[PDB]
Amino acid sequence: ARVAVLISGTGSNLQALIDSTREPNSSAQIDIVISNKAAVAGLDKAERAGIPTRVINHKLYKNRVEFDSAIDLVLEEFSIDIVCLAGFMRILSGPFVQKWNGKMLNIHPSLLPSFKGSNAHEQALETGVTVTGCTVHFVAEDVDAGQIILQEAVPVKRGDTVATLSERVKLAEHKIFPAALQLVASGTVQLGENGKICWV
Ligand SMILES: Nc1nc2ccc(CNc3ccc(C(=O)NCCCC(=O)O)cc3)cc2c(=O)[nH]1
Ligand SMILES: N[C@@H]1O[C@H](COP(=O)(O)O)[C@@H](O)[C@H]1O
């Protein structure tokens, strides 16, 4: 399966996916890395891995529903089968989410029905949970609500801050995102027909 990874920053999850898809038994290959920003460290990791890089900005064209079209163009260009959102700070439009339905994955820093949004760790800490974690799910039109593929629990320590908690959770993200990509790329897991995850 041909894969496109979309980023916005450092790209620690991108690197994990790079290392994983480089293994001999990987059913996925990363063919293109797209960023909505330009001075992101994620691009260097991509280039350092010999992966074509391509950046798309907003101040460079029109509104949104068109921004996704520019992305989708490069997607068709590289004959992509699966899309991985790795820290992409940009909500995709209904048409795009519709086209890649069941073919786009996202990694979220919480045990998903809980703490949807871009500040999951602050929410977790504010709420006082002693257990949080991360989730890999299929991207649906409604933010952080698509079908769940894998999840991993991570403890919250007393005195934790966004900095220390995110560091602990990232270790789990680097494990399940690559594993989840392999499950989908190999055909072991698919969105199914009844909308729910299916394990062939
Ligand atoms: N339709 C669909 N598209 C998505 C696009 C990105 C992400 C990544 N998780 C994200 C979820 C939310 C944001 C967010 O609210 N950003 C700041 C405001 C900018 C904006 O309004 O976009 C960013 C990434 C998940 C989804 C998803 O579940 N469904
Ligand atoms: N995808 C979301 O974005 C954060 C930054 O990831 P990375 O781009 O450094 O890998 C991740 O920890 C995750 O919650």
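Counting begins at 1 with the first residue of the sequence.
Atom CG in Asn36 sits 11.5 Å away from atom CG in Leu60 (nearest 0.5 Å). Atom CG of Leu191 and atom NE2 of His137 lie 12.5 Å apart (nearest 0.5 Å). One distance of note links CZ of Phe138 with NZ of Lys103; it measures 8.0 Å at 0.5 Å rounding. Atom CE of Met104 and atom CG of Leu6 lie 8.0 Å apart (nearest 0.5 Å). Atoms CG and OG1, on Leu125 and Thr164 in that order, are 7.5 Å from each other to the nearest 0.5 Å. Distance check, rounded to the nearest 0.5 Å: OG of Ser8 to CG of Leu14 gives 11.5 Å.
Judged by distance alone, with hydrogens and angles left aside, the side-chain atoms of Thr21 form no donor-acceptor pair with the main-chain N or O of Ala28 at under 3.5 Å. With hydrogens and angles ignored, the 3.5 Å screen pairs no side-chain donor or acceptor of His58 with any backbone N or O of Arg64. Here the side chain of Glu126 pairs no donor or acceptor atom with the backbone of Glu122 at under 3.5 angstrom. In this structure, the side chain of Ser110 does not engage the main chain of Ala120 through any donor-acceptor pair within 3.5 Å. Without hydrogens or angle criteria, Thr132 side chain to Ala124 main chain gives no donor-acceptor distance under 3.5 Å.
Follow the hydrophobic side-chain contacts under 4.5 Å out from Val184 and you reach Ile107 in the same cluster. When hydrophobic clusters are built by joining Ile, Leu, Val, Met, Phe, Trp and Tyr residues whose side-chain heavy atoms come closer than 4.5 Å, directly or via intermediates, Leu105 is grouped together with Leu17. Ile30 is not connected to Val74 by any chain of hydrophobic side-chain contacts under 4.5 Å among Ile, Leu, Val, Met, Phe, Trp and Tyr, and they are in different clusters. One hydrophobic cluster, built from ILVMFWY side chains closer than 4.5 Å, cannot hold both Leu73 and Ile71; they sit in different ones. A continuous path of ILVMFWY side-chain contacts below 4.5 Å connects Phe88 to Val97, so both sit in one hydrophobic cluster.
The two residues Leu43 and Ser35 have their closest heavy-atom pair at CD2-CB, 3.8 Å. Of all heavy-atom pairs between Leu165 and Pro155, the closest is CD1-O, 4.1 Å. Nearest heavy-atom pair across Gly146 and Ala140 is CA-CB, 3.6 Å. Of all the heavy atoms in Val40 and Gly9, the pair that sits closest is CB-O, 3.4 Å. Here the closest heavy-atom approach between residue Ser166 and residue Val162 is recorded as OG-O, 2.7 Å. Between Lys45 and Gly11 the shortest heavy-atom distance is CD-O, 3.5 Å.
For the salt bridge (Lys or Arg N to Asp or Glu O under 4.0 Å) condition, no pair includes a residue of residues 130-149, sequence neighbours left out. Within the structure, salt bridge (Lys or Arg N to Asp or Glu O under 4.0 Å) contacts touching residues 30-42 (residues at least two apart or in different chains) are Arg2-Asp31. Sequence neighbours left out, the pairs with a member in residues 162-172 that pass salt bridge (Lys or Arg N to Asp or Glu O under 4.0 Å) are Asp160-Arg168. Listed by first then second residue, pairs satisfying salt bridge (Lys or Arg N to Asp or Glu O under 4.0 Å) with a partner in residues 75-97 read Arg54-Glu77, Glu76-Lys99, not counting sequence neighbours.
Here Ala49 pairs with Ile18, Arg22, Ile51 under the side-chain contact (heavy atoms from CB on, under 4.5 Å) rule; sequence neighbours left out.
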Distance-only criterion, 3.5 Å: show the donor-acceptor pairs between side-chain atoms of residues 172-181 and protein atoms not counting sequence neighbours.
| from | atom 1 | to | atom 2 | distance (Å) |
| --- | --- | --- | --- | --- |
| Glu173 | OE1 | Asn13 | ND2 | 2.9 |
| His174 | NE2 | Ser12 | O | 3.3 |
| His174 | NE2 | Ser12 | OG | 3.2 |
| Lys175 | NZ | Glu152 | OE2 | 2.8 |

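Counting heavy atoms from C-beta on, the side chains of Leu92 and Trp100 never come closer than 4.5 Å. Side chains of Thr53 and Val55 form no contact here, defined as non-hydrogen atoms less than 4.5 Å apart. At a threshold of 4.5 Å between non-hydrogen side-chain atoms, the residues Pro95 and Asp68 do not count as touching.
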### Stepwise side chain to side chain contact (heavy atoms under 4.5 Å, CB included) test for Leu183 and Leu150
CA-CA 10 Å; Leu183 289 172; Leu150 295 174; 4.0 Å; yes
